[PDB]
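So you can see what is in the structure, the chains are spelled out below.
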Number of protein chains: 2
Amino acid sequence: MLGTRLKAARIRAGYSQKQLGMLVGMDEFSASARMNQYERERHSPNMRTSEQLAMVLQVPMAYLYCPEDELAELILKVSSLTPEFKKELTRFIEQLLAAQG
Amino acid sequence: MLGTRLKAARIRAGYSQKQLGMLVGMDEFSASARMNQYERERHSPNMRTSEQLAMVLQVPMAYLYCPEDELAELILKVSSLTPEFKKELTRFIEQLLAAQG
């Protein structure tokens with residue numbers, strides 16, 4: 001998991017390294033430590049843990065695995081769209097892919 | 001890594017389990033085997049390997065880690081957009097996020 005994305009997702013949610021750490025079942029005393037290893041990428045969270053982080057952070061798992069800065073930003077935006085707006089988006093994108101390019 | 005996404009990305013690119021397997025430096029005799037384990041999720045490709053798969057498959061790493069079917073489909077579409085169209089997209093999305101919802 002990309003540390004930057006994990007850190008960026010923790011800041012947006014307003015969680016301290018310890019808070020996020022405990023929100024996923026970590027031991028208090030080492031919570032903030034375990035998290036730092038992840039955000040430093042010194043440690044890699046397995047799929048199970050990744051799903052927990054995404055749910056808590058309220059961000060798509062894909063975001064935490066999106067190295068492309070532009071795309072990631074888009075992945076968070078499209079996700080924050082309401083069902084009604086999400087429909088308008090796809091409609092517009094399809095139209096463009098149809099002009100094609 | 002989500003198997004379905006890995007398999008779906010291999011089919012779209014037109015690669016056989018062995019081809020994809022070797023395209024990332026695997027031993028011929030076990031290439032197709034190693035890949036099946038990944039697509040079955042019986043084996044998890046580390047970040048390094050994930051980057052190799054994404055590059056070869058020509059799909060954003062995020063896609064291979066996008067459990068939400070709707071989003072994934074969108075992640076592939078937006079990625080297939082030309083720089084000129086990619087600008088139009090963001091412009092439209094921003095406008096919507098501004099109506100806000």
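Residues numbered from 1 in each chain as written, not as in the entry; some residues may be left out. Chains lettered and ligands numbered in written order. Heavy atoms only, no water.

Deposited coordinates in this entry are attributed by the record to X-ray crystallography, at a stated resolution of 2.3 Å.

### Points about the overall build of chain A
Regarding its fold elements, chain A presents six helices and zero strands. Scanning chain A from its N terminus toward the C terminus, one meets helices and strands in the order α-α-α-α-α-α. At 16 Å, chain A has a C-alpha radius of gyration far larger than the 13 Å of a compact globule built from 101 residues. Along the first, second and third principal axes, the C-alpha atoms of chain A reach 55 × 25 × 20 Å. Evaluated residue by residue, chain A yields a buried proportion of 45% over its 101 residues. Contacts in chain A between residues far apart in sequence, at least 24 positions, make up 47% of those at least 6 positions apart. (Helix = DSSP H or I, 4+ residues; strand = E, 2+ residues; numbered from the N terminus. Rg over C-alpha atoms; globule rule 2.2 N^0.38 Å. Buried < 20%, exposed > 50% of the residue type's maximum accessible area, 1.4 Å probe, protein only. Contact = heavy atoms within 4.5 Å.)

### Section: the nonpolar core
If you look at the biggest cluster of nonpolar residues, it comprises 65 residues, and the most contacted ones within it are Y63(A), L64(A), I75(A), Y63(B), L64(B) and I75(B). With sequence-adjacent residues up to four places away left out, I75(B) is seen in contact with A62(A), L71(A), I75(A), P60(B), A62(B), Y63(B) and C66(B). (Core = buried A, V, L, I, M, F, W, Y, C linked by side-chain atoms within 4.5 Å.)

### Let's talk about unusual backbone geometry
A positive phi is found at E41(A), a non-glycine position, where the angle reads about 70 degrees. Mapped onto the fold, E41(A) is located in the loop between α3 (28-39) and α4 (47-57). Positive phi values are uncommon outside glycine, yet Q100(B) reaches one of about 75 degrees. Position of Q100(B) relative to the elements: it lies in the segment after α6 (83-99). We classify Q100(B) as exposed; its relative accessible area is 64%.

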